[PDB]
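# Observations on the three-dimensional arrangement
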2 protein chains.
Amino acid sequence: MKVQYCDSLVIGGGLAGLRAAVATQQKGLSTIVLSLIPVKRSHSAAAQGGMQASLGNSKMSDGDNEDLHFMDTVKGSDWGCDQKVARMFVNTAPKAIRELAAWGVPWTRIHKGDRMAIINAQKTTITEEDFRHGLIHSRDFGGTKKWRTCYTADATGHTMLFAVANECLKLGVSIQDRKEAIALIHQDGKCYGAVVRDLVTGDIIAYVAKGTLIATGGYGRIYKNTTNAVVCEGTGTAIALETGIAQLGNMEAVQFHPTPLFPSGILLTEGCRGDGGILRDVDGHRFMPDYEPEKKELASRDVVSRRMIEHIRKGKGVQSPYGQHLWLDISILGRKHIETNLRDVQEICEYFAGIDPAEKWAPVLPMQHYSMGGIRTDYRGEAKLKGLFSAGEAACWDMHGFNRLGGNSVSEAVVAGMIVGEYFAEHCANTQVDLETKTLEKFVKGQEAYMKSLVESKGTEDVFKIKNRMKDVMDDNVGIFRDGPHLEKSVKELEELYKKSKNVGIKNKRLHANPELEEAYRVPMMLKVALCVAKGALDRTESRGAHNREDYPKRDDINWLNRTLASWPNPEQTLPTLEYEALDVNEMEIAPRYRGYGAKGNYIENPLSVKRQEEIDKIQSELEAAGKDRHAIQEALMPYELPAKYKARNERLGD
Amino acid sequence: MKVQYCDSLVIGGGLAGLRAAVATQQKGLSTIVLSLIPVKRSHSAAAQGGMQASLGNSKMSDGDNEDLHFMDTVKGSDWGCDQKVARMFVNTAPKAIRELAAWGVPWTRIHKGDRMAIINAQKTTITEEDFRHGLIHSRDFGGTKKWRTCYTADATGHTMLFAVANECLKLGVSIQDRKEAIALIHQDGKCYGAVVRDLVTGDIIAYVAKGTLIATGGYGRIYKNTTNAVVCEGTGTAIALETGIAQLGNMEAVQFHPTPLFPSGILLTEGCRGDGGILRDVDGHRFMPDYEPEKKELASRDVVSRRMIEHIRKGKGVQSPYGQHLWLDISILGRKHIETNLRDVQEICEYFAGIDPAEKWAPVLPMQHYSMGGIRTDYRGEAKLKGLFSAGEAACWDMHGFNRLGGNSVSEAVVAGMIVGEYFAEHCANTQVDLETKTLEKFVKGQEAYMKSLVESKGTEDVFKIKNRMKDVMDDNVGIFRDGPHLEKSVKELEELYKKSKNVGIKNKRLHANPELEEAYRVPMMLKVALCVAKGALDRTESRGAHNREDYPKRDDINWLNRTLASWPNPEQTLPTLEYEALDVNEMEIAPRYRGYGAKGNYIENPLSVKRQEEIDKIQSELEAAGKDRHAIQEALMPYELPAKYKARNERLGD
Ligand SMILES: *Cc1cc2c(cc1C)nc1c(=O)[nH]c(=O)nc-1n2C[C@H](O)[C@H](O)[C@H](O)COP(=O)(O)OP(=O)(O)OC[C@H]1O[C@@H](n2cnc3c(N)ncnc32)[C@H](O)[C@@H]1O
Ligand SMILES: *Cc1cc2c(cc1C)nc1c(=O)[nH]c(=O)nc-1n2C[C@H](O)[C@H](O)[C@H](O)COP(=O)(O)OP(=O)(O)OC[C@H]1O[C@@H](n2cnc3c(N)ncnc32)[C@H](O)[C@@H]1O
Ligand SMILES: O=C(O)/C=C/C(=O)O
Ligand SMILES: O=C(O)/C=C/C(=O)O
Ligand SMILES: [Ca+2]
Ligand SMILES: [Ca+2]
């Protein structure tokens with residue numbers, strides 16, 4: 001048998017995984033990072049919008065702080081998040097930005113002077129004073145009143161990922177690519193590592209560690225239309241689920257993006273850098289003002305996606321061989337001034353859409369984009385399976401609830417990498433494990449036998465058409481608008497699809513470097529993940545955040561102010577087991593109310609929300625009278641934990 | 001922490017260790033071989049005499065079989081060996097030779113024709129028939145009536161070692177050199193591996209395995225004068241001893257060689273290939289005929305060593321700056337015929353002694369040569385510490401008792417590698433271990449702290465003079481002739497030496513590639529090994545095999561027909577704990593009697609020996625009358641075990 005040992009095993013080489021590896025390696029814990037691909041090619045590298053952090057450097061960031069960022073996050077989550085985790089996040093984001101700056105990330109900086117446009121109306125000139133010069137700049141992104149999205153020109157995710165990966169190399173972290181975790185080794189409710197398949201040689205290897213962290217990203221690829229890389233298939237989520245003990249949280253909470261290029265899914269950051277992009281229908285008609293007279297195209301992205309679908313169902317969409325879509329027109333610009341970098345989007349359209357934005361319109365359609373759901377953890381990042389941690393998009397640490405704030409996800413990846421990294425390191429240093437060879441051999445030989453059965457299978461099903469059928473079902477029935485009848489049917493077909501995946505047969509019999517063998521074991525995993533999303537969507541009879549039930553259009557704070565927990569106890573069951581974790585209103589710093597976007601008064605009020613709200617109002621007014629600061633008032637409303645390393649305050653311009 | 005795992009851990013890259021690694025690796029068990037030096041430089045490579053195996057190919061080997069080889073072995077051991085183990089050995093030796101032949105070992109072959117000399121007297125012409133042509137040849141070595149020592153010209157150990165090492169490379173055995181095992185990891189009476197120090201980088205690493213085998217060779221270097229390589233220091237024996245559970249067997253049983261070059265210890269195989277070498281004293285007098293009128297120089301090597309010491313104590317030795325010695329004269333030859341290879345010894349004398357044998361005489365003195373003693377195991381090669389095996393000179397499997405048969409040791413290395421290899425493989429495949437990180441960390445950090453204390457020690461003792469003082473004490477008091485008074489004093493000085501070794505201080509403070517640090521931890525280990533030998537020699541009040549007590553000149557089969565078992569239970573004690581394992585006369589195929597060499601009737605007879613002897617005589621005569629064969633008679637006298645793979649009979653010329 002082949003066995004590799006390390007003190008801290010990290011599964012996933014994205015921003016979250018690499019940052020967590022830095023935390024453990026810097027304290028002498030031997031650490032290995034496993035990844036399907038070279039870590040610098042992870043999906044994190046595609047982030048072009050930016051990272052959210054309340055620095056308060058620029059004019060449009062003036063007066064920003066943890067409280068304001070916290071509020072935007074909670075309301076955005078439509079009260080589905082763990083508010084304490086959100087506090088840990090907003091408080092730590094500023095220091096994540098600054099640490100990366102010290103690591104060389106070339107953040108765009110502020111320079112003295114005036115700027116034009118970049119505003120909805122009224123004002124149009126921005127002035128950056130001399131004392132702001134040279135500090136990290138910010139842009140308007142995510143729809144927050146205060147501009148706090150930091151960026152390194154047009155490749156933020158890329159420069160961030162490279163810096164964290166370089167730090168790993170500097171520290172001597174062991175990075176092993178083209179290696180895939182296909183199962184978790186566990187016994188007596190404890191995780192002792194993972195069974196790994198070497199994608200090149202085909203060897204099945206056991207990686208044992210005192211602690212294991214899963215930072216495998218999202219599961220967007222279960223949908224046909226997604227912005228996600230080809231590797232975001234949710235297998236990290238699946239192996240966690242297949243332990244029969246670790247639980248998945250809010251898998252039904254999927255976020256879409258309104259303007260990806262159709263049908264590729266390639267992101268056109270059009271209308272971002274400089275608002276001007278106009279959405280048009282089949283008649284060239286600018287429809288957004290018809291649904292949103294005030295906000296128009298600048299409405300909440302959440303709203304824009306819905307309106308685009310509504311307009312298409314109204315029969316005003318453009319027909320094409322790949323389905324219906326709409327138009328994105330930016331030609332209305334095609335020129336400006338200079339003094340800084342502002343030229344990219346055209347290339348995307350020319351290289352793929354095969355056209356110049358300044359001339360023709362780009363085809364677009366809302367597509368899957370982010371996965372709020374993931375492995376359920378406590379505030380420390382540990383799952384119900386002891387010794388198993390998770391961070392990043394792969395987790396449901398839950399600072400996102402039912403709607404992630406634009407710019408908060410790449411931020412969570414690094415922030416969670418820092419925080420969960422500390423708790424993960426602590427666990428790995430203090431815990432003591434019993435590594436039984438009997439258990440190791442069982443899991444290892446079990447996967448070798450599994451690989452052999454797949455290669456020897458005389459099944460007649462085709463893995464590719466089963467995977468494609470799954471993606472269609474998810475897109476057609478588990479998208480922006482959902483209803484019981486269709487969810488019912490999708491769940492039924494997915495379950496049927498899952499049973500057929502077990503009768504797959506492949507042509508290539510080799511055990512090494514086999515793309516076909518890879519699909520044969522990954523698809524069944526993706527189907528289990530899909531079932532959790534679909535079934536979770538069917539049973540959740542309410543509309544919350546990105547989850548919209550046309551048959552239950554209102555947010556039900558009485559029966560659904562909770563979190564969906566999915567598990568798969570019996571390896572033979574064909575449907576996930578769903579449970580619910582209720583959110584304690586008393587443990588909230590901000591009581592449930594209007595989320596700030598979408599229709600008004602569209603939620604069933606919970607008597608306790610009113611009760612808690614009054615208490616909050618009272619507790620604040622009093623302490624505020626006694627001349628107590630926001631830090632003391634926050635602590636009185638909802639105390640939260642932070643590891644020693646990060647409990648310091650964040651210095652801001654003009655304290 | 002750094003941890004390496006494998007199914008089978010082999011400590012020692014000599015003939016025994018490498019052959020055992022082949023046995024485990026060939027059955028899919030991942031195996032690692034640890035060695036201080038590149039394996040092909042192990043002491044096994046110095047063997048020039050040959051390997052003993054009853055092939056029965058040549059004229060002078062005619063009629064040889066397992067029984068004859070068995071008898072020579074038992075009588076040679078002076079009844080101190082486990083006769084069942086000896087049976088396993090002689091039966092398997094023929095197949096070890098043949099397997100090596102299939103592996104390319106260039107054994108010298110027989111050719112049709114006549115040969116001269118190579119005889120004591122009477123006959124002088126040997127004829128090899130045509131049906132013997134092309135088969136593996138044999139020479140006169142070890143004093144056995146039947147010539148059964150196989151050889152590849154003048155470099156038998158070398159070609160054998162290379163072939164076994166090459167087979168390891170072929171199978172992909174993981175060979176890690178410049179790596180030293182400094183402690184064994186154990187818990188609840190089970191061995192889970194070893195703590196290893198990387199001689200190059202200085203890293204302390206834990207190698208864990210389901211089974212661990214120690215094949216680290218002899219401990220000849222505790223003596224000042226030895227034929228052994230500079231690395232035969234007994235540290236493998238020591239780490240076994242320091243577990244407080246594994247036991248050492250007959251450590252006092254040390255064999256000397258009569259004619260190594262003085263004072264280097266370089267072996268002069270003079271008088272071997274072609275008898276002619278004459279021993280002379282300070283007056284040029286040929287003294288051997290004075291003590292042994294009949295056998296003269298051709299007497300048992302055991303006897304020659306004693307006479308040489310006697311002659312020196314008689315004041316007829318040669319004085320030199322390095323001590324007293326005698327002369328070896330081969331000039332009496334310096335010429336012959338041809339038809340085969342016969343030229344080497346001269347070079348040894350010219351390159352080191354700086355002289356031509358055909359002219360001047362070579363200085364010689366008996367020196368330590370072989371270690372019968374070693375780690376005590378059962379017939380399977382497993383020690384009292386479960387999961388810990390041992391094979392080769394490092395073990396006391398005990399087929400040697402108190403006197404190894406010339407040519408049997410290189411034979412045991414390979415044979416034990418084959419047999420113990422099978423049992424070791426079986427153990428590794430069937431056992432299941434509980435690897436606790438708490439236990440691993442304890443042993444690893446314990447050795448790191450130990451290394452740190454050595455480097456930080458402000459002690460004033462000099463490790464080199466303490467090691468040199470030890471070697472002198474061993475040579476002066478624990479040599480060919482021993483007596484209670486001197487052994488008493490040596491044990492006392494060794495114990496005192498051991499206490500001072502703990503107050504050593506070194507100049508070079510680095511943790512990597514540090515020769516001085518190496519001595520600081522190896523010397524204390526050597527001292528514990530020396531103490532076992534010395535104390536074992538003092539308490540054994542009898543003369544047996546190579547162990548000679550001038551105050552107890554007789555072999556006592558009544559009170560000492562047993563084996564000395566040494567242990568070190570309390571890590572704080574300064575003297576080993578000695579126990580005895582009695583040899584059951586009823587479990588013997590050959591009852592105790594005259595060993596065949598040395599003075600007649602020099603042993604206290606045991607009433608049970610006579611009882612058992614009669615029973616043997618009876619059981620044989622009867623079964624022989626019934627026309628039963630030697631195989632059936634042997635089984636009726638003393639049945640023994642052999643793994644399935646080697647229980648077949650050995651085909652011989654003319655069956
Ligand atoms: C898709 C996307 C997302 C995105 C964005 C633009 C695009 C096109 N722009 C963003 C922005 O401007 N601001 C923002 O806040 N977020 C933005 N996002 C989303 C964001 O980039 C992601 O949420 C974030 O990068 C996720 O980081 P994370 O570290 O969690 O994960 P990752 O980068 O996807 O990497 C996953 C790693 O896991 C390895 N892996 C996966 N499965 C396995 C298995 N089974 N075994 C071994 N390794 C595995 C992958 O190889 C990878 O390295
Ligand atoms: C010294 C000698 C012995 C000898 C001989 C000639 C000389 C000069 N001629 C012989 C002959 O003609 N016929 C015969 O039957 N025997 C003869 N012998 C004795 C014989 O060669 C030995 O008994 C035999 O070769 C021993 O083999 P074994 O496999 O047991 O051991 P080795 O070759 O000495 O190798 C020991 C290995 O252990 C490694 N080692 C030692 N300590 C450690 C620690 N602490 N950690 C890691 N590795 C360790 C050594 O590096 C080596 O590889
Ligand atoms: O619109 C974008 O380019 C990125 C959005 C994201 O933060 O997910
Ligand atoms: O006399 C020799 O060369 C070797 C003797 C040995 O077998 O130990
Ligand atoms: Ca998630
Ligand atoms: Ca021995």
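Calculation criteria
Residues numbered from 1 in each chain as written, not as in the entry; some residues may be left out. Chains lettered and ligands numbered in written order. Part of a larger assembly, values for the part shown. Heavy atoms only, no water. Core = buried A, V, L, I, M, F, W, Y, C linked by side-chain atoms within 4.5 Å. Buried < 20%, exposed > 50% of the residue type's maximum accessible area, 1.4 Å probe, protein only. Contact = heavy atoms within 4.5 Å. Least-squares fit on C-alpha atoms. Domains from an automatic or database assignment. Buried area = accessible area lost by both parts, 1.4 Å probe. Salt bridge = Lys/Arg side-chain N within 4 Å of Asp/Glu carboxyl O. Pairing = 2+ DSSP bridges. Helix = DSSP H or I, 4+ residues; strand = E, 2+ residues; numbered from the N terminus. Axes fitted to C-alpha atoms, helices over the stretch in contact; angles between N-to-C directions. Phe/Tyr/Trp six-rings, centres within 6.5 Å; stacked < 30°, edge-to-face > 60°. Parallel < 35°, antiparallel > 145°, perpendicular 65-115°, else oblique. Left-handed = near helix turned anticlockwise from the far one by under 90°. Near = heavy atom within 4 Å. Polar contact = N/O pair within 3.5 Å; in protein donor to acceptor, adjacent residues only side chain to side chain. Nonpolar A, V, L, I, M, F, W, Y, C, P; charged D, E, K, R; others polar. Areas by Shrake-Rupley, 256 points an atom, 1.4 Å probe, with all protein chains shown as cover.

As documented in the archive entry, the model was determined using X-ray crystallography at 2.33 Å resolution.

## Side note on the nonpolar core
In terms of nonpolar packing, the biggest core is built from 168 residues, with A:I222, A:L494, B:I222 and B:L494 touching the most fellow members. Ignoring anything within four residues of it in the chain, the contact list for B:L494 reads B:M470, B:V473, B:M474, B:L527, B:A530, B:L531 and B:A534.

## Points about the relation of the copies chain B and chain A
Overlay of chain B on chain A (RMSD 0.0 Å): rotation 180 degrees, translation along the axis 0.0 Å. Here the symmetry operator amounts to a two-fold rotation axis. It is B:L435 whose C-alpha, among those of chain B, lies nearest the rotation axis, at 2.3 Å. When you check the interface residues of chain B against chain A, 100% turn up at the interface there too, and the contact is symmetric in its surfaces.

## Side note on the domain arrangement of chain A
Residues and elements named next belong to chain A. Annotation of chain A at the domain level lists domain 1 (1-258 + 366-436), domain 2 (259-365), domain 3 (437-554) and domain 4 (555-648). The C-alpha-based centres of domain 3 and domain 4 are spaced at 33 Å. With 18 residues of domain 3 in contact, the opposing surface of domain 4 contributes 22 residues. With both chains or domains summed, domain 3 and domain 4 bury close to 1,600 Å², and 55% of this area falls on carbon and sulfur atoms. A per-residue breakdown of the area domain 3 buries against domain 4 is headed by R540, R544 and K554, which together make up 35% of the total. Where domain 3 meets domain 4, there are 1 salt bridge. Close ionic contact of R544 with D557 constitutes a salt bridge, the shortest N to O distance being 2.8 Å.

## Side note on the sheet that holds strand β20 (residues 388-390) of chain B
Residues and elements named next belong to chain B. Read from one edge of the open sheet, 5 strands run β8-β3-β2-β12-β20, paired in parallel fashion. Each having just a single partner strand, β8 (174-176) and β20 make up the two edges of the open sheet. Direction aside, neighbouring strands of the sheet carry axes that sit 20 degrees apart on average. Of the strand pairs in this sheet, strand β12 (residues 211-214) and β20 are connected by 3 bridges, and their pairing is parallel.

## Re the packing of aromatic side chains
With the rule as written, the count across this model stands at 14 aromatic pairs over all chains. Between A:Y379 and A:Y423, the aromatic rings sit 5.9 Å apart at their centres with planes inclined by 80 degrees, giving edge-to-face as the arrangement. Note that A:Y379 is positioned in the loop between β19 (374-376) and β20 (388-390) and A:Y423 in helix α9 (residues 408-430), a separation of 44 residues in sequence. Between B:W560 and B:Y580, the ring centres sit 5.3 Å apart and the planes meet at 80 degrees, which makes this aromatic pair edge-to-face. With B:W560 in the loop between β23 (555-556) and β24 (562-567) and B:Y580 in strand β25 (residues 577-582), this pair connects stretches of sequence that are 20 residues apart. Looking at B:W560, the relative accessible area reads 13%, which means it is buried.

## Considerations on the packing of helix α2 (residues 66-76) of chain A against helix α3 (residues 83-102) of chain A
Residue and element names in this part refer to chain A. Between α2 and α3, the least distance of the axes is 9 Å, while the angle of their chain directions is 135 degrees. Judged by the inter-axis angle, α2 sits oblique to α3. Considering only the axes of α2 and α3, their crossing is right-handed. Side by side, α2 and α3 meet where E66, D67, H69, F70, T73 and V74 of the first sit next to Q83, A86, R87, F89, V90 and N91 of the second.

## Remarks on the site of ligand 2
All names here are of chain B. If you check the shell around ligand 2, you find 38 residues, and the closest are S42, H43, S44, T235 and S409. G49 has a polar backbone atom sitting 2.8 Å from an oxygen atom of ligand 2. A distance of 3.1 Å is found between a nitrogen atom of ligand 2 and a backbone nitrogen or oxygen belonging to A181. Those elements that place two or more of their residues in the shell around ligand 2 are α1 (15-25), β9 (179-187), β18 (367-371) and α9 (408-430). Broken down by element, the shell around ligand 2 gets its largest block of residues, 4 residues, from α9. In terms of residue class, the shell around ligand 2 is made up of 14 nonpolar, 20 polar and 4 charged.

## Let's talk about the site of ligand 4
Residues and elements named next belong to chain B. In the vicinity of ligand 4, the contacting residues are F141, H257, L267, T269, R301, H369, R404 and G407. At 2.5 Å, a side-chain N or O of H369 approaches an oxygen atom of ligand 4. Between ligand 4 and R404, the relevant distance is 2.7 Å, taken from an oxygen atom to a side-chain nitrogen or oxygen of the residue. In isolation ligand 4 has 270 Å² of accessible area, and contact with the protein removes 89% of it. There are two domains that each give the shell around ligand 4 at least three residues, and those are domain 1 (1-258 + 366-436) and domain 2 (259-365).

## Here's the deal with the pairing of β18(B)
Residue and element names in this part refer to chain B. Most of β18 sits inside the fold, with 5 of its 5 residues counted as buried. As paired strands, strand β14 (residues 254-257) and β18 are joined by 4 bridges and run antiparallel to one another. Bridge assignment links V254 to a residue of β18, and that residue is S371.

## Focus on the interface of chain B and chain A
One frequently used descriptor of interface size is the decrease in accessible area upon assembly of the parts. Each partner contributes to the interface: chain B provides 15 residues, whereas chain A provides 15 residues. Between chain B and chain A, roughly 1,400 Å² of surface is buried when both sides are summed, and carbon and sulfur atoms account for 42% of that area. If you sort the residues of chain B by the area they bury against chain A, B:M1, B:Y5 and B:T437 come out on top, with a joint share of 35%. For the pair chain B and chain A, the interface holds 2 salt bridges. The partner of B:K210 in a salt bridge is A:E441, with the nearest N and O atoms 2.6 Å apart. Applying the counting criterion to the chain B and chain A interface returns 15 residue pairs in polar contact. Of all the secondary structure elements, the ones that give two or more residues to the side of chain B that touches chain A are β1 (3-5), β22 (434-436) and α10 (437-456) of chain B. Class assignment for the residues of the side of chain B that touches chain A results in 5 nonpolar, 4 polar and 6 charged. In terms of strand pairing, strand β22 (residues 434-436) of chain A meets β22(B) through 3 bridges, oriented antiparallel. Opposite A:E436, over in β22(B), you have B:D434 as the bridge partner.

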